[PDB]
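Here is what each chain is made of, one letter per residue.
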Amino acid sequence: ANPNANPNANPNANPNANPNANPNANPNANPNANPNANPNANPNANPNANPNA
Amino acid sequence: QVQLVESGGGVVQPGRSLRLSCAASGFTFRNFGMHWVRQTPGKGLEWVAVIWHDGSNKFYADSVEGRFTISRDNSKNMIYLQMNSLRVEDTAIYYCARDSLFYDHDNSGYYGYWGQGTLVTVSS
Amino acid sequence: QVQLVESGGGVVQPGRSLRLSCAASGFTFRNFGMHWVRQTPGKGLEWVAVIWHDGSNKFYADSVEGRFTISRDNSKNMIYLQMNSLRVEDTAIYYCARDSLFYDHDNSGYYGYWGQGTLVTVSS
Amino acid sequence: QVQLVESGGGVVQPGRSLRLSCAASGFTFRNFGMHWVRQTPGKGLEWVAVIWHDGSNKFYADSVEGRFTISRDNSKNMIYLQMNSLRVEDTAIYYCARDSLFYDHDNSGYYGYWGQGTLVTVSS
Amino acid sequence: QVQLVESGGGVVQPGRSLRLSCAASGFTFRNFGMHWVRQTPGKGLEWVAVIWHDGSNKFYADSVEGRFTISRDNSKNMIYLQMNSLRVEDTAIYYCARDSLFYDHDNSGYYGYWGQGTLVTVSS
Amino acid sequence: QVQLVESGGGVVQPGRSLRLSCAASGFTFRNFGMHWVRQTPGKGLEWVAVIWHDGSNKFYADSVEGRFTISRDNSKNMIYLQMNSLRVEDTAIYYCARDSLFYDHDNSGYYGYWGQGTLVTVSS
Amino acid sequence: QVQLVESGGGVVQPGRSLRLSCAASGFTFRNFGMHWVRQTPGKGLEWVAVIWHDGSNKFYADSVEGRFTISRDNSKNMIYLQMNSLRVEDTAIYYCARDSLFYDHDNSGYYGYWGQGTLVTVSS
Amino acid sequence: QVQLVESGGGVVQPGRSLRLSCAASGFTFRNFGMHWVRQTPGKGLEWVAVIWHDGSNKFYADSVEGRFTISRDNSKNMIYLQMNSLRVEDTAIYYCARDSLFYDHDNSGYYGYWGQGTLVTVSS
Amino acid sequence: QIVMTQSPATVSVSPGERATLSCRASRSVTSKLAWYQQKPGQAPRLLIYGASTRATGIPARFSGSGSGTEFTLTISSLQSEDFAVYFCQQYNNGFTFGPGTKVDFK
Amino acid sequence: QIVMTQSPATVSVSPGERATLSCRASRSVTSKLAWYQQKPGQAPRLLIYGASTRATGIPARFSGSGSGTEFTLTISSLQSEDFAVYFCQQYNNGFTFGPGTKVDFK
Amino acid sequence: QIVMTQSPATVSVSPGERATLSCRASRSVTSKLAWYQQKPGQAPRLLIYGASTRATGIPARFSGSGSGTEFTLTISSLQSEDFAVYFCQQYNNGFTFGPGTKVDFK
Amino acid sequence: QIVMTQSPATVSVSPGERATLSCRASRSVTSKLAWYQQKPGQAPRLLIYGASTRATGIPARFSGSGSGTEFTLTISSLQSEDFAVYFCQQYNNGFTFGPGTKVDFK
Amino acid sequence: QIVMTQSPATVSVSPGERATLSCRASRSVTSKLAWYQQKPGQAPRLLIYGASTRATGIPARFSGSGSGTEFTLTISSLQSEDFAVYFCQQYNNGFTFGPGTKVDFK
Amino acid sequence: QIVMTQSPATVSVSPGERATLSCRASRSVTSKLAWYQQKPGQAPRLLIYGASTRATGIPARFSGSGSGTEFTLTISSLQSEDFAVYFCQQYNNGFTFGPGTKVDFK
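Parameters at a glance
Per the conventions used, each chain is numbered from 1 along its written sequence, independently of whether this matches the entry, and residues without coordinates are not displayed. Following the order in which they are written, the chains are lettered starting with A and the ligands numbered starting with 1. These chains belong to a larger assembly; all numbers given describe just the chains displayed. Hydrogens are left out, water is left out, and the side-chain values use all remaining heavy atoms of the structure. Secondary structure elements are taken from DSSP: a helix is a run of H or I of four residues or more, a strand is a run of E of two residues or more, and numbering for both begins at the N terminus. Here the globule rule reads 2.2 Å times residues to the power 0.38, and the radius of gyration is calculated from C-alpha atoms. Partly exposed residues are those whose accessible area sits between 20% and 50% of the maximum for their type, while under 20% is buried and over 50% is exposed, using a 1.4 Å probe and protein chains only. Using the Shrake-Rupley algorithm and a 1.4 Å probe, accessible areas are obtained, with residue cover drawn only from the displayed protein chains. A carboxyl oxygen of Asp or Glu within 4 Å of a side-chain nitrogen of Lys or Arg is what we treat as a salt bridge. Only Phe, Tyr and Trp rings are paired, with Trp represented by its six-membered ring, and only when their centres lie within 6.5 Å; those with planes under 30 degrees apart are stacked, over 60 edge-to-face, the remainder tilted. When the NZ atom of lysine or the CZ atom of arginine is within 6 Å of a ring's centre and also within 35 degrees of its normal, the charge is said to sit over that ring. When DSSP finds two or more bridges between a pair of strands, those strands are recorded as paired. Pairs of residues are marked as contacts when any of their non-hydrogen atoms sit within 4.5 Å. Buried area is understood as the total, over both parts, of accessible area removed when two parts are fitted together, assessed with a 1.4 Å probe. Here a polar contact is recorded for every N or O atom pair within 3.5 Å, except that within protein the pair must consist of a potential hydrogen donor and a potential acceptor, and residues adjacent in sequence are included only if both atoms are side-chain atoms. Three categories are distinguished: nonpolar for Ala, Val, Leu, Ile, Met, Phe, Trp, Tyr, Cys and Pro, charged for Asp, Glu, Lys and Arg, and polar for the others, with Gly belonging to the last. By convention in this document, the label disulfide applies to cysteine sulfur atom pairs within 2.5 Å. Note on method: axes are straight lines fitted to C-alpha atoms, helices fitted across the in-contact stretch only, with angles between N-to-C directions ranging 0 to 180 degrees.

Concerning the overall build of chain A
Right, so step 1: Across its full length, chain A holds zero helices and zero strands.
Right, so step 2: Since a compact globule built from 53 residues should have a radius of gyration of about 10 Å, the 22 Å found for chain A marks it as more spread out than a globular shape.
Right, so step 3: In terms of its C-alpha atoms, chain A occupies a principal-axis envelope of roughly 65 × 30 × 30 Å.
Right, so step 4: A total of 53 residues make up chain A; the buried ones form 74% of that total.
Right, so step 5: Total accessible area on chain A stands at roughly 1400 Å², and carbon and sulfur atoms take up 49% of it.

Shown next, in the form of structure tokens:
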């Protein structure tokens, strides 16, 4: 059988895919998430913070 | 009791913009995708647009591609359809239709619940 | 010692509101998603609702879609189920369940640990 | 009757310092943050600076970074805009703008109430 | 009104790199895949590259394998074609083409909507 | 020089409580998440718990879920492990391990730097 | 310019394991299936293994079935061949060969492009 | 006119302590995060450390983790880098660089404004 | 996409008599086809979905079947309220409707 | 979603004999199917999860198997406390249960 | 930061009609966008804030809508006083204004 | 892949006559073949796609037909604007174009 | 983390022509990549940030493009005052620099 | 979760010879698999992280590889200090270790 990828496949998106939210996704908290702090977070003070009392 | 109430209909001139709003109640809004369906007498029912549950993906029919913009806002349980560059072929009753009766992974794309519909007339 | 206890059961009239509360202990509550399972005699076990670990997502069965509200309070280790527009068909024993014995990314949705159950009956 | 009356306008040659003053009345001055908005014909409205309710924090636009200074005293109900190193790009009307119509946590940063402003022109 | 306009044309020496860009408007860009089509006088139309809707897959012609690179930016509605190691055989007019008139699962790979094209000449 | 030393080991009876401690130095303690690794002869190495950099999330192995508690104090550079309902099969050597050699977003969960280990024996 | 270079060659004793690696450049690696081809003097050219574009299917020759293992990493553009339980019959030059000059659905399985080859000697 | 001037450079022996200072003027110092950049000939530029606007967070590179200490005082608009246990690998030019040209929430971590740099070399 | 045709346009039936409706697709649709009932002045109502599965609250009177390019909607004992126009939709490739077949008094 | 069937409704086995229960799904379920044991007056207890994996504390007596649409649960040598009703659940698409098979004395 | 554009720059409207004003941002703004009205010689006045909420004293004539990167302002039936310039502001990431659009007598 | 040829190279037809353009593929392309029209200085225009289906806006004058390795494009009553060069493309296996056929005044 | 590689190390060109500079990263960087220009004797200057946005004061001669793992820097008509060494930085995951590439007289 | 296995349990390699260790996963762990070295009386030392990347300070002698479900660790020329027990960990799904493979004198 042909082992090469097929360029003649459909490159367009599929609207027939299910638009409804999937309830079978895992609801448990992921322990494999990165526990280290993120250095790439913005170090600059946010001007959009609420300036009122 | 899934109830869909369309609004924003009326009469507009060709080439102008009309915005339809669809209010949904009686179900968890953010878990389902919503459609817009068009009914013109003499041609029958016609599909217009579909939006995903989170609004990530939007698809449109050929006759409305690039002119109609579907959007959703899960915090108000509302469905919007922005109609730009309206033409005389766009006059119809527009139905707000929810996708599927319940979540079935291998069966989706049918409209379990339809709205009352609103009339959009384009002329001079 | 995974212990699940249910409360808030009793007798109600059709069309009224009932609220079930579930207290969970013996595990880290906020790291797991919880379910509600309904046992009707003559029909068997039936699923009702599921809630994510932080309450982000909520999915209901079709039979209870739009009538039941599930919530959780991670600071009190409590799982709640709000029963609005109660009907006769909702008379059963309601089980508080925890999803999975332990976290497996490719295996979730089974109830490792069940509560003792509370009886909710709807009649005149 | 929230009224914002501005002053300190005039003509200043480039490279010199000009000071604007904004007197506010009709509201609790110390409970809100004030803005300066720049209006240039041919460029429109452009944001300049913002100060906190107690004057703890100050933020400036990129074009005025390091040259403009905003100050506020709560005993006289007045804000100031110390503008050093004026350049011919800075000729415009400067508006005194109040943040928000009322205190909302998730909605702040819109200039609910505006003053008439003063004309500040720089040339030789 | 789907309008496709390209740029980045000009004259380059052999062995140098050129980058073509193509701006897309009038349709939902991220729902369709775009091609590049080559036209040389005396040889006719020739296919160059294709990219998926999300840019996951890219397929290039044999004559351009390993030298040309197709890419897309769904946020700016632009299509790019990096053309490294150019050779004299690459003198042609390059068209930005969209795949299919509308979504048909069993019919795709034809270029319904074309752009005007840019001329790329390789010579000393 | 990242140096990790465990403490709090010894001999306790089944059903009693033991508290292990781990002092960290030679790196920014508050920017990394620390683990606990258990080594039982005849079974090998086994994971116990993990804590986030700020202590927001805590995850435990199924064998220790509900009995063990991991905590941290960023102002003292110490990692703690409260062992409640201690049993005979929890007798092992406990290693204080740091996650990752450096911050890589797509690679985390491996123990670059281990402590020397503490011995905890549960028997009568 | 398609270049295939092999490594990991050398001399091993019978019954031991060797790992050959092949580096590919000058083409879209993830769009083609790669082969390993063996050349033993006195026997001729011989095929060893094949791997699909994404590594879904792997087929080995009879003489190497159950002992060799072929894999690939499309993120590093490299082809591997784990040679477990080597025997004296495996002494030969191992080539990294790519399938086909270009994509043709009805014509595939011929080795358009070969690497320089690496020597694996099994002896004591 | 943003000027960043470095100081504290010179020569020191390995295993000692050195302190670098950076003075910032021409912008609001307390509203931006500061960086340090190292340049070794034969390697290029290398990142060292970053400090938040208020100094709440400090992140260091792997090569300098546990030895360098960055700090800031917004009252003096000055930046420090306490460099303990210098090693022969640390001979380079240290740049005091500012993060971002202006505040964009989704674009931060690039150095817009650099200082001329100070030379720190360690030997005997 | 898929061209959907219904035949006949109008069927004449009396109450208590079994009425049938036919739906045809240009290409294969497999088992993804829904039937809708529209009464004058009302929005369409989902009767059948899939190929034969019945929507909740739909009387067992309505029976659908077929797969591929031949789908039928059968009413076992058509009552007085079952007089309306029925639409045929496919959701396998796109979302296309049929022209609609109207049932009327005989 | 998926309609879940079990057969037979009741099995009669003497202690020491082997009891086998069957579970069938309308559509493909792959390897996401759990077995629950409910005693009178008690909550169901998870025996098998996945297709064959055994929950902690469940003796090696219980042995689940099967994949796709055919699933079987085998009790190698049933003792006295293994008399109960066994429910079959699939969690591949939605959360559906089986009617339940009861094990009784012979 | 975020670059705003408005289109059309000017629109010709006779009194009693309906006018539509469009605002588009380069990047997502979620639901933090405001519309201002400025008359010649007058300071801008806040009409709409957030995405659609109307400022106190603003008639129900003014209707705002939109989310993400597309926002729209419509006026139900403009009288003479609704002829002015309108600005689009976002306060989600920084503070940027649009070029401003004018409604002119047709 | 598949080599595409056209015959004849040029056709001479007066306006109002019927002009037939033929196309041949080296190997079978089933029913995946499109026709394009290019005027001097203009981008090609998709007239017929698949084997016979007509792009939106294409007059009924253009009639495409054929399957396998023999394709023809028929222009029933060619007008003044239908003088151009027509290209034959297959997309069943790869993406190849024909040499092109020019329609010229008689 | 992510390792940046630049090719070629040096490029030879005369003033007035177009110079192309390439940057490649081992892993995806989305659209967070900055270019710096360093002349002998002073600190590097930020030319381009994001993926294509130009710093204030940088002439439109400096053009950047690319996303993911392939990035390029193009100068439309390379001038004399700008002969220097150019560095490539990624700030999506960590903070790494490229080895640097040099533009030289031909 | 994921069960780690290593084979053979013990490998006999004289100094100067190449030693290979194997680690196999029940389900795919992509390329998240770390190798550790433990000498008697000492804590394990991280040799390899990811699938092939080497920890800082680890000699280039230790060369690991593999992805999916087949992972190997190769010692190019084992020295006297390379006699220990090596553990295989996966951190793609949970945190599970292997039984450990011991290297002893021949």
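Re the pattern of salt bridges
Right, so step 1: Applying the stated criterion across every chain, the model contains 55 salt bridges over all chains.
Right, so step 2: When the shortest N-O distance is used, the salt bridge between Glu-70 of chain L and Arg-24 of chain L registers 3.3 Å. Of this pair, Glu-70 of chain L sits in strand β8 (residues 70-75) while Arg-24 of chain L sits in strand β3 (residues 19-25), and the two are 46 residues apart along the sequence.
Right, so step 3: Residue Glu-70 of chain L is classed as partly exposed on the basis of its relative accessible area of 47%.
Right, so step 4: On the accessibility criterion, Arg-24 of chain L (38% relative accessible area) is partly exposed.
Right, so step 5: Via salt bridges that share partners, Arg-38, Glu-46, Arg-67 and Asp-90 of chain C belong to a single interconnected network.

Considering the packing of aromatic side chains
Right, so step 1: Per the stated rule, a full pass over the model turns up 100 aromatic pairs over all chains.
Right, so step 2: For the ring pair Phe-27 of chain E and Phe-32 of chain E, a centre distance of 6.0 Å and an interplane angle of 75° mean the geometry is edge-to-face. For the residue pair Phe-27 of chain E and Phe-32 of chain E, the accessibility class agrees, reading buried in each case.
Right, so step 3: Taking 4.8 Å as the distance between ring centres and 45° as the angle between the ring planes, the aromatic pair formed by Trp-47 of chain H and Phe-95 of chain M counts as tilted. Within this pair, whereas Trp-47 of chain H is found in strand β5 (residues 44-51), its partner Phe-95 of chain M is found in the loop between β9 (85-90) and β10 (96-97), the two belonging to separate chains.
Right, so step 4: Its relative accessible area of 8% is what places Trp-47 of chain H among the buried residues.
Right, so step 5: Overall, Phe-95 of chain M belongs to the buried group, its relative accessible area being 7%.
Right, so step 6: Three or more aromatic residues joined by ring pairs make a cluster, and in this case those are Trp-47, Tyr-95, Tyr-111 and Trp-114 of chain D together with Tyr-36, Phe-95 and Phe-97 of chain K.
Right, so step 7: The positively charged end of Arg-72 of chain F is found above the aromatic ring belonging to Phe-29 of chain F, 4.7 Å away from the centroid.
Right, so step 8: When the ring centre of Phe-27 of chain H is taken as reference, the NZ or CZ atom of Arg-98 of chain H above it lies at 5.3 Å.

Points about the pairing of strand β1 (residues 3-7) of chain F
Residue and element names in this part refer to chain F.
Right, so step 1: Here β1 shows a buried face lined by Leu-4 and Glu-6 and an unburied face lined by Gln-3, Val-5 and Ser-7.
Right, so step 2: Here β1 pairs with strand β3 (residues 18-25) via five bridges, running antiparallel. Counted as the bridge partner of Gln-3 is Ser-25 from β3.

Considering the interface of chain D and chain H
The figure often quoted for interface size is the accessible area lost as the parts come together.
Right, so step 1: On the side of chain H, seven residues touch chain D, which itself brings eight residues to the contact.
Right, so step 2: Counting the surface lost from both chain D and chain H, the interface buries some 570 Å², and carbon and sulfur atoms represent 45% of this.
Right, so step 3: Taken together, chain D and chain H are joined by two residue pairs in polar contact.
Right, so step 4: Of the residues in the side of chain D that touches chain H, the class split is two nonpolar, three polar and three charged.

Here's the deal with the state of the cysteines
By definition, a disulfide links the sulfur atoms of two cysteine residues through a covalent bond.
All names here are of chain C.
Right, so step 1: Going through the model one piece at a time under the given rule, you end up with 13 disulfides over all chains.
Right, so step 2: Paired through a disulfide, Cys-22 and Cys-96 show a sulfur-sulfur distance of 2.0 Å. Disulfide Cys-22-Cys-96: the torsion about the S-S bond is -100°, which places it as left-handed. Pair noted here: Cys-22 is in strand β3 (residues 18-25) and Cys-96 is in strand β9 (residues 92-99), with a separation of 74 residues, a long-range link. Here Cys-22 matches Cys-96 in class, with each residue buried.

As for the interface of chain D and chain K
Right, so step 1: Opposite the 21 residues of chain D that make contact, chain K presents 17 residues.
Right, so step 2: With both sides pooled, the region where chain D packs onto chain K buries about 1500 Å², and carbon together with sulfur makes up 65% of that total.
Right, so step 3: For the pair chain D and chain K, the number of links is five residue pairs in polar contact.
Right, so step 4: Elements represented by at least two residues in the side of chain D that touches chain K include exactly β4 (34-40), β5 (44-51) and β10 (111-114) of chain D.

Side note on the side chain of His-35 of chain G
Residues and elements named next belong to chain G.
Right, so step 1: Positionally, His-35 belongs in strand β4 (residues 34-40).
Right, so step 2: A residue is classified by how much of its surface remains accessible, and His-35, at 6% relative accessible area, is buried.
Right, so step 3: Among the polar contacts made by the side chain of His-35, one reaches the side chain of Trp-47 at a distance of 3.3 Å.
Right, so step 4: When residues no more than four places from it in sequence are discounted, the contact partners of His-35 are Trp-47, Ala-49, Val-50, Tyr-95, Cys-96, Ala-97, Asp-99 and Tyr-111.

Some thoughts on the environment of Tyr-113 of chain F
Right, so step 1: Inspection of the secondary structure assignment puts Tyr-113 of chain F in strand β10 (residues 111-114).
Right, so step 2: Leaving out residues up to four positions away in the same chain, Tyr-113 of chain F has contacts with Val-2, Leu-4, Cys-96, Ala-97, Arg-98 and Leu-101 of chain F.

Focus on the arrangement of the chains
Right, so step 1: One finds no contact linking chain D with chain I; the least C-alpha distance across the pair is 40 Å.
Right, so step 2: Between chain F and chain L there is no contact; the minimum C-alpha to C-alpha separation amounts to 37 Å.

Considering unusual backbone geometry
Right, so step 1: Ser-7 of chain K connects to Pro-8 of chain K through a cis peptide bond whose omega is -5°.
Right, so step 2: Secondary-structure assignment places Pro-8 of chain K in the loop between β1 (4-7) and β2 (10-13).
Right, so step 3: Non-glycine residue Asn-77 of chain B carries a positive phi angle of around 55°.
Right, so step 4: On the basis of relative accessibility, which here comes to 23%, the residue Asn-77 of chain B falls in the partly exposed class.

Some points on the sheet that holds strand β3 (residues 19-25) of chain J
All names here are of chain J.
Right, so step 1: Pairing is antiparallel in the open sheet, where four strands are placed in the order β1-β3-β8-β7. At either end of the open sheet lies a strand with only one pairing partner, and these are β1 (4-7) and β7 (62-67). Put simply, the sheet's adjacent strands are angled 20° from each other on average, direction ignored.

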